[PDB]
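Just the one chain here, laid out as structure tokens, in the form deposited in one PDB entry.
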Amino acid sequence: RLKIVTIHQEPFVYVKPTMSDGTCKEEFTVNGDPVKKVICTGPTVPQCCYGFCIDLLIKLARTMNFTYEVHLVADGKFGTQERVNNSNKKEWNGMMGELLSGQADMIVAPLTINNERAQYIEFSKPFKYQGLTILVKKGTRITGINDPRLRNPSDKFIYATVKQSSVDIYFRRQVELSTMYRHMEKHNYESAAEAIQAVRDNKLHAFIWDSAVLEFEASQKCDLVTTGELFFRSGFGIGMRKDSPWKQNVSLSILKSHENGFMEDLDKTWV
């Protein structure tokens, strides 16, 4: 019974309360198809989880003949390396920390495959190809990471991302993006929800984040749109501890799904 850890992140993983009898409300898609849901414990009581990643998990479990139990990451984070003591060895938090500690056997979430994480865990082939993009108010046009309003910032156009995120780290390490980072570090938000709200409230002109997330957020709000070319393209993959016996088949299934329309069907169903 594999321990699956995930996190709230629509449309990949929705999190809702169970009904009074402890079950998940029976719901259907706009075309009458049943919405598959799994019970996921977390911040701790049983809750209802569903979405792109849950549909993927259900498919993998069926295809690979395994049972599982899902829980939401305890600290509500994806995972970054942080100094937590006087030693010289940083420690991973979020889902990365849980996978490495054994609290989880697989990370099933919109987790970016990057260099730092790849140094400690292994990933399946990507179940989603995306990259960083920009969220702005309808009518605003930004070409991409090279747009002057970003490279030559001023207070007339404020942009930012989420503090302590892997995206924040991406800019902090990009020497060529020092100018941008200096500007962002002065406006970064505590959470994506807050930043997205700030964009609708005209308090923030641009929010830099995952295109896989922003494309959905934009589709849900008419006053919001994504703009420009993607930069820092990346994939989302299932995380497992090194040398896992599940890796090969998880990867083969995902590659097969990209080739047989299954992944395209999830795209249409959830966005």
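For every residue, the number given is its place in the sequence shown, counted from 1.
This protein has a second form, the form deposited with a partner chain bound, left out of what is shown; the following refers to that one.
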Interface membership of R233, its partner chain in the entry with it bound, 4.5 Å heavy atom rule | yes
Non-hydrogen atom contact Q103 with its partner chain in the entry with it bound at 4.5 angstroms | no
Determine whether any heavy atom of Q174 comes within 4.5 Å of a heavy atom of its partner chain in the entry with it bound, and answer yes or no.
-> yes
Should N260 be classed as touching its partner chain in the entry with it bound when contacts are defined as heavy atoms within 4.5 Å?
-> yes
Okay, which stretch from 183-191, 114-122, 152-160, 72-80 lines its partner chain in the entry with it bound, with non-hydrogen atoms inside 4.5 Å?
-> 114-122
Choose from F66, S191, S166, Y129 the one placed at the hinge of the motion between this form and the one not shown, with one rigid part turning against the other.
-> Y129
